[PDB]
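Colleague: Handing you this structure, nothing more for now.
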Amino acid sequence: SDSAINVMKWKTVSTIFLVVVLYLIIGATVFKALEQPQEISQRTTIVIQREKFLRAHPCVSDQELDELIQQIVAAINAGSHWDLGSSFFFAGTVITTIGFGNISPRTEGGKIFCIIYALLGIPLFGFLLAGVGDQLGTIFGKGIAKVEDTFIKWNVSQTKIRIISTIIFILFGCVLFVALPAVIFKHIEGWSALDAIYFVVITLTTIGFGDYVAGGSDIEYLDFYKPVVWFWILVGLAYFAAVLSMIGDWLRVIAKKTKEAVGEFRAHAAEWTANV
Amino acid sequence: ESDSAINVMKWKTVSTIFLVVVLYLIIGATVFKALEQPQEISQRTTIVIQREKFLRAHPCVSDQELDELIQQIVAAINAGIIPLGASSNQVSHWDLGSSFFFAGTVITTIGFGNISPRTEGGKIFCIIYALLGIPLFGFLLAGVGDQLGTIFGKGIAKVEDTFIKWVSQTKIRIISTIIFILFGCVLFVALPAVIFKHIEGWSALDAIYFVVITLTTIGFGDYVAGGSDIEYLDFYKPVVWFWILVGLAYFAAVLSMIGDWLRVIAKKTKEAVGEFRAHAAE
Ligand SMILES: CS(=O)(=O)Nc1ccc(C(=O)NCc2ccc(Cl)cc2Cl)cc1
Ligand SMILES: CS(=O)(=O)Nc1ccc(C(=O)NCc2ccc(Cl)cc2Cl)cc1
Ligand SMILES: CCCCCCCCCCCCCCCC
Ligand SMILES: CCCCCCCCCCCCCCCC
Ligand SMILES: CCCCCCCCCCCCCCCC
Ligand SMILES: CCCCCCCCCCCC
Ligand SMILES: CCCCCCCCCCCC
Ligand SMILES: CCCCCCCCCCCC
Ligand SMILES: CCCCCCCCCCC
Ligand SMILES: CCCCCCCCCCC
Ligand SMILES: CCCCCCCCCC
Ligand SMILES: CCCCCCCCCC
Ligand SMILES: CCCCCCCC
Ligand SMILES: CCCCCCCC
Ligand SMILES: CCCCCCCC
Ligand SMILES: CCCCC
Ligand SMILES: CCCCC
Ligand SMILES: [K+]
Ligand SMILES: [K+]
Ligand SMILES: [K+]
Ligand SMILES: [K+]
Ligand SMILES: [K+]
């Protein structure tokens with residue numbers, strides 16, 4: 001029977017799917033909870049700012065303000081953006097699929113090229129990010145050859161120290177690729193503590209909202225900064241990739257334990273209810 | 001456990017790719033400023049034109065405070081404001097279902113980002129939500145790919161039988177891969193782009209563009225399906241969810257297929273250089 005196996009699979013697909021569906025639902029309700037209020041208070045005070053700009057400047061008639069705002073919304077569809085190096089940045093947002101999109105093509109040619117550039121770049125960059133991960137993996141693999149010797153000749157031994165080693169990756173990894181660069185961005189970009197960490201995560205997961213961008217504002221940047229941030233991305237993507245994947249297997253583990261633990265609760269209500 | 005003889009062979013391959021990437025970026029960059037710098041200038045001279053016609057048409061406005069005004073508008077437009085008087089009431093951006101949409105942009109890492117948290121809590125949650133969701137959604141997109149793969153696997157069991165005429169094994173692989181790309185383009189690129197053109201009002205190019213940008217999970221968010229207030233059959237948006245769920249699993253294989261094509265090109269070209277050497281000497 002071969003449809004027997006596919007019904008085993010589609011059972012597993014559907015349950016995950018509903019987990020995702022319900023993870024979204026829980027998510028949605030927490031975001032609306034967090035953002036609906038702050039959306040109201042920003043919408044009442046933006047109508048305050050508006051009528052206060054008719055009274056604090058009686059020169060402005062009510063009719064020609066509507067015209068200005070149309071002109072500004074029009075110019076949010078443009079904003080140099082496409083200078084010799086921000087177009088290099090842009091090519092970066094494509095092939096990493098971070099895609100901040102503060103900058104995005106407007107020419108139909110630029111869109112058509114971007115389509116081609118992506119279908120060829122996103123694979124290509126991939127191979128780099130695998131090598132970047134290969135080397136960086138054997139770097140930390142040597143690192144545990146040094147730490148899995150001095151702690152393994154004494155106090156409590158194997159099968160739990162794997163749980164200690166994985167902590168050292170996440171802890172040192174957070175420092176090198178989350179903490180240290182967030183501190184840098186705090187000073188250089190002017191972001192708060194939270195915003196910098198936020199920007200790290202959003203960008204290294206390649207979510208890349210682009211509500212925050214490293215380099216995006218009109219500051220003096222020391223000519224070493226932006227290229228250090230390239231290297232950070234190049235390396236830090238390969239880090240989160242493993243980080244996300246590690247979380248991946250943890251879910252697999254949790255899903256086994258929980259599934260069989262439900263089975264335990266079942267087998268003890270049965271023989272609790274047989275007992276009359 | 002991990003010798004230096006093989007890792008030197010690897011770091012040789014990493015570095016060459018890296019410089020290919022570096023150069024692919026450079027070529028890219030130069031084609032994009034080529035395409036976009038001009039149209040950035042002409043929009044940016046005519047925005048200074050529009051400016052002076054209401055710099056000096058109203059000198060009573062402080063005019064330091066006009067450049068401050070636009071700062072106050074664009075800063076507030078990234079939460080999403082409709083600051084007007086002939087439409088002062090305002091549909092919610094974090095309503096029941098747009099926050100559901102947003103949670104979608106996170107765990108798929110499309111991240112359009114027209115909407116993004118402002119609250120410190122929303123940022124903190126979003127960080128947690130992503131580190132747990134991006135793995136989770138992964139599992140779904142693997143099953144979604146599993147089923148969809150065995151669907152097309154049965155499809156070729158029907159087509160790899162009737163085209164057995166007086167046939168190779170490794171050459172019908174080249175016929176199969178064509179029907180994946182052909183039918184896949186129609187189901188997941190062409191047909192939905194046509195839908196979007198009608199429903200969203202986008203041109204032909206914009207729709208296809210939006211498909212690709214979104215299905216690769218680039219997700220600039222210069223275009224979004226559902227983003228405006230228009231009508232929305234609400235048959236529509238849930239169909240688009242399903243399209244994404246399936247279409248991500250499609251591009252994943254599509255991009256991966258391109259992946260091995262590069263592997264193949266990189267083999268032929270590497271050995272062709274070596275031949276080009278002994279044959280340019282002559
Ligand atoms: C509106 S602007 O585009 O013209 N200003 C800029 C903003 C950022 C950069 C830049 O290179 N930042 C570092 C970086 C590099 C590669 C990648 Cl993929 C992501 C990131 Cl954050 C340049 C200009
Ligand atoms: C002002 S608004 O931004 O809040 N307007 C909305 C915009 C879009 C949607 C929506 O569901 N679109 C389909 C969809 C679904 C899931 C994913 Cl991941 C991507 C996409 Cl395109 C809902 C509201
Ligand atoms: C013989 C020249 C043909 C190329 C024409 C370039 C002029 C600019 C027109 C751009 C039209 C958009 C298509 C670009 C696709 C690369
Ligand atoms: C190698 C066979 C050629 C197939 C080229 C199609 C690649 C897929 C890119 C998406 C283009 C969709 C076609 C839209 C035409 C209106
Ligand atoms: C019009 C399409 C142009 C794009 C062609 C891309 C070809 C990619 C060749 C890359 C060479 C890889 C060598 C790597 C050696 C490890
Ligand atoms: C062998 C060295 C490994 C890379 C160390 C990463 C340091 C972080 C630099 C990025 C700071 C923005
Ligand atoms: C009116 C139809 C617009 C078609 C635009 C061409 C799209 C090119 C993408 C295909 C590249 C392989
Ligand atoms: C789109 C840019 C293609 C760049 C061509 C790279 C060819 C490099 C040859 C290196 C010798 C192996
Ligand atoms: C044999 C696994 C398939 C179970 C039936 C569900 C198929 C629905 C396909 C999507 C319409
Ligand atoms: C060691 C697990 C603690 C993390 C929270 C677990 C959520 C409960 C799931 C049921 C096992
Ligand atoms: C968000 C998780 C809700 C509790 C887990 C429900 C899954 C049970 C599947 C057996
Ligand atoms: C049978 C697998 C796919 C069937 C429907 C796909 C069409 C999506 C239209 C948006
Ligand atoms: C569509 C233009 C491609 C430019 C690259 C030419 C060199 C192969
Ligand atoms: C609005 C439907 C037009 C039919 C598609 C033609 C463009 C290929
Ligand atoms: C945004 C309204 C559509 C909600 C769909 C929910 C599950 C498909
Ligand atoms: C099988 C359910 C997994 C949720 C953690
Ligand atoms: C129960 C309100 C949700 C509307 C989709
Ligand atoms: K992404
Ligand atoms: K993205
Ligand atoms: K990923
Ligand atoms: K994005
Ligand atoms: K974006």
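Identifiers for the structure tokens are assigned positionally: chains receive A, B, ... in sequence, residues are indexed from 1 per chain, and ligands are indexed from 1 in the order shown.
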Could you tell me, counting only C-alpha atoms and all ligand atoms, which protein and nucleic acid residues lie no more than 7 Å from ligand 4, written as a PDB file with C-alpha atoms, in the first residue's frame?

Modeller:
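Written file, part-v3.pdb:
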ATOM      1  CA  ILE B 178      10.253  21.364 -18.662  1.00  0.00           C
ATOM      2  CA  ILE B 181       8.592  24.989 -15.115  1.00  0.00           C
ATOM      3  CA  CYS B 185       4.733  29.267 -14.224  1.00  0.00           C
ATOM      4  CA  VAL B 189       3.075  33.105 -11.764  1.00  0.00           C
ATOM      5  CA  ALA B 190       0.880  33.720 -14.810  1.00  0.00           C
TER       6      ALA B 190
END

Colleague: Which residues are near ligand 10 in this structure, taking near to mean any atom at most 9 Å from a ligand atom and counting only C-alpha atoms and all ligand atoms? Format them as a ChimeraX atom specification.

Modeller: /A:254-255,257-258,261

Colleague: How about saving the chosen residues, N, CA, C and O atoms kept, as an mmCIF file, in the first residue's frame?

Modeller:
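Done, and the output landed in result_1.cif:
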data_model
loop_
_atom_site.group_PDB
_atom_site.id
_atom_site.type_symbol
_atom_site.label_atom_id
_atom_site.label_comp_id
_atom_site.auth_asym_id
_atom_site.auth_seq_id
_atom_site.Cartn_x
_atom_site.Cartn_y
_atom_site.Cartn_z
ATOM 1 N N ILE A 254 10.446 18.854 21.051
ATOM 2 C CA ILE A 254 9.260 19.206 21.827
ATOM 3 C C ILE A 254 8.026 18.503 21.271
ATOM 4 O O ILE A 254 7.175 18.021 22.027
ATOM 5 N N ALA A 255 7.918 18.419 19.944
ATOM 6 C CA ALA A 255 6.739 17.811 19.336
ATOM 7 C C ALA A 255 6.661 16.315 19.605
ATOM 8 O O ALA A 255 5.556 15.763 19.689
ATOM 9 N N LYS A 257 8.040 14.708 22.446
ATOM 10 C CA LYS A 257 7.738 14.616 23.873
ATOM 11 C C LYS A 257 6.270 14.916 24.155
ATOM 12 O O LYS A 257 5.605 14.179 24.890
ATOM 13 N N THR A 258 5.744 15.993 23.567
ATOM 14 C CA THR A 258 4.354 16.376 23.805
ATOM 15 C C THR A 258 3.370 15.366 23.224
ATOM 16 O O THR A 258 2.363 15.040 23.864
ATOM 17 N N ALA A 261 3.350 12.508 25.377
ATOM 18 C CA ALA A 261 2.835 12.887 26.691
ATOM 19 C C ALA A 261 1.316 12.983 26.687
ATOM 20 O O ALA A 261 0.663 12.651 27.683
#

Colleague: Find the residues of chain A in contact range of chain B, meaning any atom within 6 Å when counting only C-alpha atoms, and list them as a PyMOL selection string.

Modeller: chain A and resi 13+16-17+24+28+31-32+34+36+59+82+87-88+91+97+99-101+110+123+128+131+207-209+244+248

Colleague: May I have the residues from that selection written out with C-alpha atoms, as a short mmCIF file (atom, residue, chain, number, x, y, z; two decimals), in the first residue's frame?

Modeller:
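Just written: part-v5.cif:
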data_model
loop_
_atom_site.label_atom_id
_atom_site.label_comp_id
_atom_site.auth_asym_id
_atom_site.auth_seq_id
_atom_site.Cartn_x
_atom_site.Cartn_y
_atom_site.Cartn_z
CA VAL A 13 1.05 18.14 6.95
CA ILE A 16 1.43 21.35 11.25
CA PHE A 17 -0.69 23.60 9.04
CA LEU A 24 -0.71 33.10 13.41
CA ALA A 28 -2.32 38.40 15.29
CA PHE A 31 0.06 42.37 17.73
CA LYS A 32 -3.33 44.07 17.50
CA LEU A 34 0.10 45.87 21.22
CA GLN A 36 -4.09 49.19 17.93
CA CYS A 59 -1.61 82.11 5.69
CA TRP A 82 20.92 55.29 -6.72
CA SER A 87 22.92 50.52 -5.94
CA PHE A 88 25.57 48.12 -4.60
CA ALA A 91 21.93 44.45 -5.18
CA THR A 97 16.44 38.48 0.24
CA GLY A 99 14.99 43.26 0.86
CA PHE A 100 14.67 46.36 3.02
CA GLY A 101 13.01 48.12 0.13
CA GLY A 110 14.86 48.11 -13.33
CA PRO A 123 20.87 30.87 -5.77
CA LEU A 128 28.59 31.57 -0.67
CA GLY A 131 30.80 28.08 2.41
CA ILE A 207 12.60 39.37 7.38
CA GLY A 208 13.90 42.84 6.54
CA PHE A 209 10.92 45.09 7.17
CA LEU A 244 16.97 29.13 13.25
CA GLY A 248 13.99 23.84 14.29
#

Colleague: Would you give me, as an NGL selection string, the residues in range 102-134 of chain B that DSSP reads as helix (DSSP H, G or I)?

Modeller: :B and (102-107 or 120-134)

Colleague: Can I get the selection written as a PDB file, in the first residue's frame, with C-alpha atoms?

Modeller:
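Saved the output as part19.pdb:
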ATOM      1  CA  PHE B 102       1.619  41.004   9.577  1.00  0.00           C
ATOM      2  CA  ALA B 103       2.307  37.804  11.507  1.00  0.00           C
ATOM      3  CA  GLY B 104       2.393  36.263   8.035  1.00  0.00           C
ATOM      4  CA  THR B 105       5.096  38.629   6.794  1.00  0.00           C
ATOM      5  CA  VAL B 106       7.203  37.623   9.796  1.00  0.00           C
ATOM      6  CA  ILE B 107       7.157  33.835   9.764  1.00  0.00           C
ATOM      7  CA  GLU B 120       8.504  48.635  22.285  1.00  0.00           C
ATOM      8  CA  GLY B 121       6.417  45.613  23.245  1.00  0.00           C
ATOM      9  CA  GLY B 122       5.558  44.901  19.609  1.00  0.00           C
ATOM     10  CA  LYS B 123       9.253  44.902  18.710  1.00  0.00           C
ATOM     11  CA  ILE B 124      10.115  42.629  21.638  1.00  0.00           C
ATOM     12  CA  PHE B 125       7.285  40.253  20.735  1.00  0.00           C
ATOM     13  CA  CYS B 126       8.215  40.346  17.033  1.00  0.00           C
ATOM     14  CA  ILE B 127      11.746  39.213  17.908  1.00  0.00           C
ATOM     15  CA  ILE B 128      10.369  36.295  19.926  1.00  0.00           C
ATOM     16  CA  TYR B 129       7.643  35.580  17.378  1.00  0.00           C
ATOM     17  CA  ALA B 130      10.198  35.373  14.554  1.00  0.00           C
ATOM     18  CA  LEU B 131      12.709  33.098  16.293  1.00  0.00           C
ATOM     19  CA  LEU B 132       9.900  30.609  16.969  1.00  0.00           C
ATOM     20  CA  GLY B 133       7.758  31.181  13.862  1.00  0.00           C
ATOM     21  CA  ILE B 134      10.372  31.166  11.106  1.00  0.00           C
TER      22      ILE B 134
END

Colleague: How close does chain A get to ligand 20? List, as JSON lines, each residue of chain A within 8 Å, its nearest atom pair and the distance in Å to one decimal, counting only C-alpha atoms and all ligand atoms.

Modeller:
{"residue": "A:205", "atom": "CA", "partner": "ligand 20", "partner_atom_place_in_ligand_line": "1 (K)", "distance": 6.6}
{"residue": "A:206", "atom": "CA", "partner": "ligand 20", "partner_atom_place_in_ligand_line": "1 (K)", "distance": 7.2}
{"residue": "A:241", "atom": "CA", "partner": "ligand 20", "partner_atom_place_in_ligand_line": "1 (K)", "distance": 6.2}
{"residue": "A:244", "atom": "CA", "partner": "ligand 20", "partner_atom_place_in_ligand_line": "1 (K)", "distance": 7.5}

Colleague: So, with only C-alpha atoms and all ligand atoms as the atoms that count, which of A:202, A:46, A:81, A:21 lies closest to ligand 22?

Modeller: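 Looking at the shortest contact to ligand 22, the residue is A:202.
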
Colleague: Residues up to 12 Å from ligand 12, counting only C-alpha atoms and all ligand atoms: could you list those as a compact mmCIF listing (two decimals) with N, CA, C and O atoms, in the first residue's frame?

Modeller:
# COMPACT_ATOMS: atom_id res chain seq x y z
N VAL B 144 4.06 21.14 2.76
CA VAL B 144 3.45 21.75 1.57
C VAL B 144 4.23 21.37 0.31
O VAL B 144 3.64 21.16 -0.76
N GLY B 145 5.55 21.28 0.43
CA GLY B 145 6.40 20.87 -0.68
C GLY B 145 6.38 19.37 -0.90
O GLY B 145 6.43 18.90 -2.05
N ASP B 146 6.34 18.61 0.19
CA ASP B 146 6.22 17.15 0.11
C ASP B 146 4.98 16.73 -0.67
O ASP B 146 5.09 16.10 -1.73
N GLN B 147 3.80 17.08 -0.16
CA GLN B 147 2.55 16.75 -0.84
C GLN B 147 2.58 17.21 -2.29
O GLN B 147 2.36 16.42 -3.21
N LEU B 148 2.89 18.49 -2.50
CA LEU B 148 2.90 19.05 -3.85
C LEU B 148 3.90 18.35 -4.75
O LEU B 148 3.73 18.32 -5.97
N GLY B 149 4.97 17.80 -4.16
CA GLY B 149 5.92 17.03 -4.95
C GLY B 149 5.36 15.69 -5.37
O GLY B 149 5.51 15.28 -6.53
N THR B 150 4.72 14.98 -4.45
CA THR B 150 4.12 13.70 -4.80
C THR B 150 2.89 13.86 -5.68
O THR B 150 2.49 12.91 -6.37
N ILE B 151 2.26 15.04 -5.66
CA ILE B 151 1.19 15.32 -6.61
C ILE B 151 1.73 15.32 -8.03
O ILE B 151 1.22 14.63 -8.92
N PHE B 152 2.79 16.10 -8.27
CA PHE B 152 3.44 16.10 -9.57
C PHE B 152 4.22 14.82 -9.85
O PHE B 152 4.47 14.51 -11.02
N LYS B 154 3.04 11.75 -9.18
CA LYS B 154 2.01 10.95 -9.84
C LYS B 154 1.73 11.47 -11.24
O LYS B 154 1.47 10.68 -12.16
N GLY B 155 1.79 12.79 -11.43
CA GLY B 155 1.52 13.37 -12.74
C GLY B 155 2.49 12.91 -13.81
O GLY B 155 2.12 12.76 -14.97
N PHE B 183 4.09 24.34 -16.48
CA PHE B 183 2.87 24.32 -15.68
C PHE B 183 3.03 25.14 -14.40
O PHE B 183 2.09 25.84 -13.99
N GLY B 184 4.20 25.08 -13.77
CA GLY B 184 4.41 25.86 -12.56
C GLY B 184 4.31 27.35 -12.78
O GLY B 184 3.73 28.07 -11.96
N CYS B 185 4.89 27.85 -13.88
CA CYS B 185 4.73 29.27 -14.22
C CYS B 185 3.27 29.64 -14.40
O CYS B 185 2.84 30.71 -13.95
N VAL B 186 2.48 28.78 -15.03
CA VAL B 186 1.08 29.10 -15.28
C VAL B 186 0.31 29.12 -13.97
O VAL B 186 -0.43 30.07 -13.69
N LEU B 187 0.46 28.08 -13.15
CA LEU B 187 -0.28 28.00 -11.90
C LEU B 187 0.13 29.09 -10.91
O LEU B 187 -0.72 29.68 -10.24
N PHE B 188 1.42 29.36 -10.80
CA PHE B 188 1.91 30.15 -9.68
C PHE B 188 2.47 31.50 -10.07
O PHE B 188 2.83 32.28 -9.18
N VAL B 189 2.58 31.80 -11.36
CA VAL B 189 3.07 33.10 -11.76
C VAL B 189 2.04 33.77 -12.67
O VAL B 189 1.53 34.85 -12.35
N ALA B 190 1.74 33.13 -13.79
CA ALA B 190 0.88 33.72 -14.81
C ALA B 190 -0.54 33.94 -14.30
O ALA B 190 -0.99 35.09 -14.20
N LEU B 191 -1.25 32.86 -13.97
CA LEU B 191 -2.64 32.98 -13.51
C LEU B 191 -2.80 33.93 -12.33
O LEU B 191 -3.73 34.75 -12.36
N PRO B 192 -1.98 33.88 -11.27
CA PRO B 192 -2.16 34.86 -10.19
C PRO B 192 -1.82 36.29 -10.61
O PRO B 192 -2.49 37.22 -10.14
N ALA B 193 -0.83 36.49 -11.47
CA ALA B 193 -0.56 37.84 -11.95
C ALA B 193 -1.76 38.42 -12.68
O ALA B 193 -2.09 39.60 -12.52
N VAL B 194 -2.44 37.59 -13.47
CA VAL B 194 -3.64 38.04 -14.19
C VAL B 194 -4.73 38.42 -13.20
O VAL B 194 -5.42 39.43 -13.36
N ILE B 195 -4.92 37.59 -12.17
CA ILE B 195 -5.83 37.91 -11.08
C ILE B 195 -5.48 39.26 -10.47
O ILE B 195 -6.35 40.13 -10.29
N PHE B 196 -4.21 39.45 -10.11
CA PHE B 196 -3.84 40.70 -9.44
C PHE B 196 -4.06 41.90 -10.35
O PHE B 196 -4.48 42.96 -9.88
N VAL B 211 4.65 39.13 -7.80
CA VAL B 211 4.75 37.69 -7.59
C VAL B 211 6.18 37.30 -7.22
O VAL B 211 6.43 36.70 -6.17
N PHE B 235 -13.41 36.51 -0.73
CA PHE B 235 -12.89 35.34 -1.42
C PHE B 235 -11.42 35.51 -1.77
O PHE B 235 -10.65 34.54 -1.76
N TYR B 236 -11.02 36.75 -2.06
CA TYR B 236 -9.69 37.11 -2.55
C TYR B 236 -8.52 36.88 -1.60
O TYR B 236 -7.69 36.00 -1.84
N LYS B 237 -8.45 37.66 -0.52
CA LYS B 237 -7.31 37.58 0.40
C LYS B 237 -7.03 36.16 0.90
O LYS B 237 -5.85 35.77 0.94
N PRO B 238 -8.03 35.36 1.29
CA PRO B 238 -7.72 33.98 1.67
C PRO B 238 -7.22 33.11 0.52
O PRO B 238 -6.45 32.17 0.77
N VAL B 239 -7.62 33.38 -0.72
CA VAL B 239 -7.00 32.69 -1.85
C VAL B 239 -5.53 33.07 -1.97
O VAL B 239 -4.68 32.24 -2.31
N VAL B 240 -5.20 34.33 -1.67
CA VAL B 240 -3.82 34.78 -1.79
C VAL B 240 -2.95 34.13 -0.72
O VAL B 240 -1.78 33.82 -0.97
N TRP B 241 -3.49 33.94 0.49
CA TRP B 241 -2.79 33.16 1.50
C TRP B 241 -2.38 31.79 0.96
O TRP B 241 -1.22 31.39 1.04
N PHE B 242 -3.35 31.06 0.41
CA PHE B 242 -3.07 29.74 -0.14
C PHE B 242 -2.05 29.81 -1.27
O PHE B 242 -1.15 28.97 -1.36
N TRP B 243 -2.18 30.81 -2.14
CA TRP B 243 -1.20 31.02 -3.21
C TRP B 243 0.21 31.15 -2.65
O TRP B 243 1.15 30.52 -3.14
N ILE B 244 0.37 31.99 -1.63
CA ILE B 244 1.68 32.14 -0.99
C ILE B 244 2.16 30.82 -0.42
O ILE B 244 3.27 30.37 -0.72
N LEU B 245 1.34 30.19 0.42
CA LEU B 245 1.70 28.93 1.05
C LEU B 245 2.22 27.92 0.04
O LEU B 245 3.22 27.25 0.28
N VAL B 246 1.54 27.83 -1.10
CA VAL B 246 1.97 26.91 -2.14
C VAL B 246 3.12 27.50 -2.95
O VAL B 246 4.13 26.83 -3.20
N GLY B 247 2.99 28.76 -3.35
CA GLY B 247 3.95 29.40 -4.24
C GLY B 247 5.33 29.59 -3.65
O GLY B 247 6.31 29.66 -4.41
N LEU B 248 5.44 29.69 -2.33
CA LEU B 248 6.77 29.69 -1.71
C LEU B 248 7.44 28.34 -1.90
O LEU B 248 8.61 28.26 -2.30
N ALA B 249 6.70 27.27 -1.62
CA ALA B 249 7.23 25.93 -1.85
C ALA B 249 7.59 25.71 -3.31
O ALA B 249 8.53 24.96 -3.61
N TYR B 250 6.88 26.36 -4.23
CA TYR B 250 7.26 26.26 -5.64
C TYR B 250 8.59 26.96 -5.90
O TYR B 250 9.56 26.32 -6.33

Colleague: Give the answer as one residue: which of B:153, B:201, B:227, B:274 has the shortest atom-to-atom distance to ligand 8, using only C-alpha atoms and all ligand atoms?

Modeller: B:274

Colleague: Return as CSV the residues of chain A lying at most 7 Å from ligand 9, together with the closest atom-to-atom pair for each and the distance in Å to one decimal, counting only C-alpha atoms and all ligand atoms, with rows in chain order and ascending residue number.

Modeller:
residue,atom,partner,partner_atom_place_in_ligand_line,distance
A:3,CA,ligand 9,1 (C),5.8
A:6,CA,ligand 9,1 (C),5.1
A:7,CA,ligand 9,2 (C),4.8
A:10,CA,ligand 9,2 (C),5.3

Colleague: Enumerate as an NGL selection string the residues within 6 Å of ligand 3, counting only C-alpha atoms and all ligand atoms.

Modeller: :A and (108-109 or 112-113)

Colleague: For N, CA, C and O atoms, I'd like the residues from the last selection saved as an mmCIF file, in the first residue's frame.

Modeller:
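Once written, out04.cif looks like this:
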data_model
loop_
_atom_site.group_PDB
_atom_site.id
_atom_site.type_symbol
_atom_site.label_atom_id
_atom_site.label_comp_id
_atom_site.auth_asym_id
_atom_site.auth_seq_id
_atom_site.Cartn_x
_atom_site.Cartn_y
_atom_site.Cartn_z
ATOM 1 N N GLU A 108 10.577 50.451 -15.402
ATOM 2 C CA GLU A 108 10.116 49.108 -15.739
ATOM 3 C C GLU A 108 11.304 48.217 -16.067
ATOM 4 O O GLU A 108 11.278 47.004 -15.828
ATOM 5 N N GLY A 109 12.342 48.809 -16.658
ATOM 6 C CA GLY A 109 13.574 48.079 -16.904
ATOM 7 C C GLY A 109 14.235 47.613 -15.621
ATOM 8 O O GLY A 109 14.698 46.477 -15.522
ATOM 9 N N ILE A 112 12.296 44.645 -14.365
ATOM 10 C CA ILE A 112 12.582 43.467 -15.186
ATOM 11 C C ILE A 112 13.980 42.926 -14.903
ATOM 12 O O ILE A 112 14.182 41.712 -14.807
ATOM 13 N N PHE A 113 14.965 43.811 -14.771
ATOM 14 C CA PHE A 113 16.310 43.377 -14.410
ATOM 15 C C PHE A 113 16.311 42.746 -13.020
ATOM 16 O O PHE A 113 16.903 41.680 -12.806
#

Colleague: Can you tell me which residues sit at most 8 Å away from ligand 14, counting only C-alpha atoms and all ligand atoms, written as a ChimeraX atom specification?

Modeller: /B:194,197-198,204

Colleague: Could you name the residues that touch residue 180 in chain A at 12 Å or less, counting only C-alpha atoms, but leaving out those on the same chain fewer than 6 positions away, as a list in words?

Modeller: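 That gives residues 172, 173, 174, 186, 187, 193, 196, 197, 200, 229, 232 and 236 of chain A.
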
Colleague: In Å, how far is it from CA of residue 58 in chain A to CA of residue 55 in chain B?

Modeller: 15.5 Å

Colleague: So how many Å separate CA of residue 102 in chain A and atom 6 (C, counted along the ligand's line) of ligand 8, to one decimal?

Modeller: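 Going from CA of residue 102 in chain A over to atom 6 (C, counted along the ligand's line) of ligand 8 covers 29.1 Å.
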
Colleague: Please find the residues contacting ligand 11 at a distance of at most 9 Å between atoms, with only C-alpha atoms and all ligand atoms counted, and report them as a list in words.

Modeller: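 Selection of residues at most 9 Å from ligand 11: residues 15, 16, 18, 19, 20, 22, 23, 26, 255, 258, 259, 260 and 262 of chain A.
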
Colleague: Take the selection from the previous step and output its residues with C-alpha atoms, as a compact mmCIF listing (two decimals), in the first residue's frame.

Modeller:
# COMPACT_ATOMS: atom_id res chain seq x y z
CA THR A 15 -1.63 19.14 11.79
CA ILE A 16 1.43 21.35 11.25
CA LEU A 18 -3.25 24.09 11.80
CA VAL A 19 -0.41 24.71 14.25
CA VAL A 20 0.81 27.43 11.88
CA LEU A 22 -3.19 28.88 15.20
CA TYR A 23 0.30 30.29 15.77
CA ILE A 26 -2.32 33.86 18.64
CA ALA A 255 6.74 17.81 19.34
CA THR A 258 4.35 16.38 23.81
CA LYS A 259 2.74 13.91 21.37
CA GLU A 260 3.73 10.94 23.53
CA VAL A 262 -0.71 13.32 25.40

Colleague: What does the distance from atom 10 (C, counted along the ligand's line) of ligand 2 to CA of residue 233 in chain B come to in Å, to one decimal?

Modeller: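 Separation of atom 10 (C, counted along the ligand's line) of ligand 2 and CA of residue 233 in chain B: 12.2 Å.
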
Colleague: So which one's closest to residue 42 in chain B, A:274, A:78, A:243, A:176? Using only C-alpha atoms, please.

Modeller: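 Smallest separation from residue 42 in chain B among the options: A:78.
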